[PDB]
Amino acid sequence: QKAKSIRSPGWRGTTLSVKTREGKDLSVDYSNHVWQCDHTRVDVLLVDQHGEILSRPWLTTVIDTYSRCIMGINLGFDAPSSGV
DNA sequence: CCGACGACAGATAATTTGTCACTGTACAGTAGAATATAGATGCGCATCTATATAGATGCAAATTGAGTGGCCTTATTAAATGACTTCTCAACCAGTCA
Ligand SMILES: [Mg+2]
């Protein structure tokens, strides 16, 4: 039960080093140095313009690592794809 | 004189509200979907039915042609016309005369 509950501290102050699958760390020095992206389902069922059920949209977000500002999105019924 | 209860004032923690520091936990591709059933509706194919017969037959008038049966004055003469039958159809010698 303890081994599931373990907390981790966090980056503290203006210094941040993003670890890659290559074992290299990217030193994030300034705005637009490292953007990040992945997808998820939203948790609301939407309806068509007639009020009948469609499906839960997919949300994509692009974030800048240095500022943590949300730099762009895509929201739609469409599937994760290199197009999205 | 002694004991008990109410008025008024004074001090106080419980209650509520606010602020502040530390923290467990979700973000991690994901439940609309699969699998039965009844119940109604529609298209297709078969399985009868009821009507509609024209051809064949039987029969009964309606002539229709072809039969058959029943009823009737007669004898002489004469003429006319048309017919039939019968009969007949020799040849030279002997006695006058101009
Ligand atoms: Mg992802």
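The rules we used
Residues numbered from 1 in each chain as written, not as in the entry; some residues may be left out. Chains lettered and ligands numbered in written order. Part of a larger assembly, values for the part shown. Heavy atoms only, no water. Near = heavy atom within 4 Å. Polar contact = N/O pair within 3.5 Å; in protein donor to acceptor, adjacent residues only side chain to side chain. Nonpolar A, V, L, I, M, F, W, Y, C, P; charged D, E, K, R; others polar. Pairing = 2+ DSSP bridges. Helix = DSSP H or I, 4+ residues; strand = E, 2+ residues; numbered from the N terminus. Axes fitted to C-alpha atoms, helices over the stretch in contact; angles between N-to-C directions.

As recorded in the PDB header, cryo-EM is the method behind this entry, and the stated resolution is 3 Å.

## Comments concerning the protein's contact with DNA strand B
In the vicinity of DNA strand B, the contacting residues are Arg7, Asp38, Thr40, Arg41 and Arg56. Considering the 4 Å shell around the protein, atoms of DNA strand B inside it are sugar or phosphate in 94% of instances. Within the side chain of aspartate 38, a nitrogen or oxygen atom sits 3.4 Å from a phosphate oxygen of DNA strand B. Between a phosphate oxygen of DNA strand B and a side-chain N or O atom of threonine 40, the distance comes to 2.9 Å. Looking at side-chain class alone, the surface near DNA strand B contains no nonpolar, one polar and four charged residues.

## Overview of the sheet that holds strand β5 (residues 70-76)
Taken in spatial order, the three strands of this open sheet run β3-β4-β5, and their pairing is antiparallel. With partners counted over all chains shown, the strands left at the sheet margins are β3 (35-41) and β5, one partner each. Adjacent strand axes in the sheet meet at a mean angle of 15 degrees when their direction is disregarded. Where β3 meets strand β4 (residues 58-64), seven bridges bridge the pair, whose relative direction is antiparallel. Residue pairing for β4: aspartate 38 is matched across the bridge by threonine 61.

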